[PDB]
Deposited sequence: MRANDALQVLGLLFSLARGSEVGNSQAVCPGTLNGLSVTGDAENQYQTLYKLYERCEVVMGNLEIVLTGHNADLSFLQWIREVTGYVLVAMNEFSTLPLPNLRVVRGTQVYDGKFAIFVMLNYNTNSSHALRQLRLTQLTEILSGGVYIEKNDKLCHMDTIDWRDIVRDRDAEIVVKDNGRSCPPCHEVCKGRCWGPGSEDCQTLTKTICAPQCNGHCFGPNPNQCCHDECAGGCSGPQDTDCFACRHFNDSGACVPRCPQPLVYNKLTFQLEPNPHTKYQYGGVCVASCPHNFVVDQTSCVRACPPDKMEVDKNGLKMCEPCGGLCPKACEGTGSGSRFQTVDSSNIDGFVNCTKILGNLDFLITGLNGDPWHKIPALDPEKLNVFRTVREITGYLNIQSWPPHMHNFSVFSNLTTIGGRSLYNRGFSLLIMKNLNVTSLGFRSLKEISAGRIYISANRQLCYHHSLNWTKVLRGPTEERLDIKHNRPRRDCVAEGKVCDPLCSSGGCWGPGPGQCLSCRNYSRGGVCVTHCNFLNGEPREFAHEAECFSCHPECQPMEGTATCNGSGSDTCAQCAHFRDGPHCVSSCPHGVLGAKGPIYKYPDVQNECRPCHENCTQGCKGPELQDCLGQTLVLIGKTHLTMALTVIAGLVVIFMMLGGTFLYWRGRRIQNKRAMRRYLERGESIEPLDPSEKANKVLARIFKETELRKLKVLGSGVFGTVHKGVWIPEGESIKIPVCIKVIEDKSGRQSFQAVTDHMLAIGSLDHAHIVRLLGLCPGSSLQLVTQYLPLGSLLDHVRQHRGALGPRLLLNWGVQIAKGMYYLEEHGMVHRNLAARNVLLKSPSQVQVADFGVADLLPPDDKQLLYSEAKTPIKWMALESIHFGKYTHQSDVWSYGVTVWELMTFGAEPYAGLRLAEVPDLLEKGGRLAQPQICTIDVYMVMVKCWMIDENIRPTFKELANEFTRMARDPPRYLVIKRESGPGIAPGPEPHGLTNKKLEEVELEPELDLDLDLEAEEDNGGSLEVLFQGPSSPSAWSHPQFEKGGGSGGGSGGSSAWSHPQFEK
């Protein structure tokens, strides 16, 4: 299994760099999670690493390259979930040198059995033979799909006699095997034999070994422990997650009618239950960017959609073209001050990817209120947090970040980035981290410590996001809001405090300061050791109450010689000096 590409005929580097990129991505790949694109490959390339590909999720594109054969002898299913030009699942174009010295002559797709979506386009290939000897309608599932196979070869040889007029090449080992156009009238699909009782199961793709839901190459919908099904078992039961049936939904996904999804439907919201989140019949639909969205990066025309956003339903990508503008679409450069619109965001459900930041900003303080980064959508594979090549950034600044729910971290090539060396990632990234951090080529530890770029002495062994108090994951002694201190003002200090969850909280304004012991045990009027002024039952007050309306109407109390308050006579006016009728004002 490997990820696919989406280059659309573009390439990176020279002929050797292009081959080495293609080789490493597909070296031992069986299932391509995206498109398979081979573009401008040289005649000296050894393409034998492609022999293990069995299934392609998107489209297969082979264009403007020169090599004799395309070695895909085991490719059976092309799903076509991504279609080139909106029409074609297989796209083969101009694969020959203009001097005729080298060209593509054979595709060798001898096991290609089913294309589930899209057509076939094979055009302008002067030396490509045997393309009009393939029954392409036996392979393409959709009867309305367009097939264009025309200008391919001139002097091509005939098929081997054993091929019965249908072949991929000049020999018996290259003959085409039919699975649909040779079936009994009753099948309506692929078969494993000519008899009416030898039709494949409806839920199976790429051909079958028997009539059952388990004797199949690949499934069309869900794989339930070997069985191909149109839906997972409903109320034992199972959840629908990414084409398989699972006993429970992953902790980082939200459940919607026994299915695990990245985000809820337009008419539902995420609600926390027991461990898992569920979608219920909403808050502002603050949608994200990147793959699966409307645009690739935050930009001068896109950033305005995040005003008052607290939770981003998707990924958040910052690419070079979203900061410096994009003349091809007439998009002006982004004003760096507009990045403060992200200070209201507390959660990102997908990945955070920062490849460029303004030249005068040395941190990411616009995300200081970010608490959770989700792993529901990842950048390529694995990675949910990506910070790379930011040459002016000295600190990360993620003060509030406590959990990354899933995925891998990529922090690299940031020549100024320093304080992260001290950061204990096991308390931020949920689960084992030994194989998930990939932190390389940032400011060396040697120079970071030698220049004094280290965190405050009150900061715990958990590490920190920057130079000062309040940027630590946890502190050694006490906090006062964000900022950490040596001690609280319990027994001394002009203001006085009490302990709660290792944070300092102030005592009630009416509380008497204590000498040698704690001033108070809470922020309430009835939580202080002694009353500073007057006592009204268990509560300390600045004076005894007058003009108060209760269950019996106006309430008035008078002070005693010890400053405790008592009710006035029932026939008094606006107060009294004592309990008797003659004490009334």
Check: In sequence order, what intervals of the deposited sequence carry no C-alpha positions?
Finding: 1-27, 263-276, 323-326, 631-1066
